[PDB]
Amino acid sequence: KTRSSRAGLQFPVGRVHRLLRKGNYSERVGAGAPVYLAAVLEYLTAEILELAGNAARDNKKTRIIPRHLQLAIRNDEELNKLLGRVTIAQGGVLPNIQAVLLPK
């Protein structure tokens, strides 16, 4: 009976709609705009959590922590460009030693 359920979404269409009306974005908000925006947000969240669960169980854990999110984002070119001026608190950096610095 909720708008999210009718669009087949987990993210909240009605809350997205209220945030749109109260964010001083436009005098009016159409019926489909919160549905479209909620769906896009749920998609991007799904992509990130997919890669982060993978990275978290690659290192023998079942708990997503910031480090897993950081490895996920930085190791994927399109996510990395989308979040290129964002810093993930306690996420550290990617392992990276320039090859000229190894012995031999």
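Numbering starts at 1 and follows the sequence shown.
- With 56 to 64 and 26 to 34 compared on mean CA B-factor from the PDB entry, the stretch scoring higher is 56 to 64.
- Ranked by Cα temperature factor within the chain, residue 16 sits in the lowest third according to the deposited record.
- Ranked against the other modelled residues of its chain, the C-alpha B-factor of residue 93 as given in the entry falls in the lowest third.
- Sort the chain's modelled residues by C-alpha temperature factor and residue 45 lands in the lowest third, per the entry.
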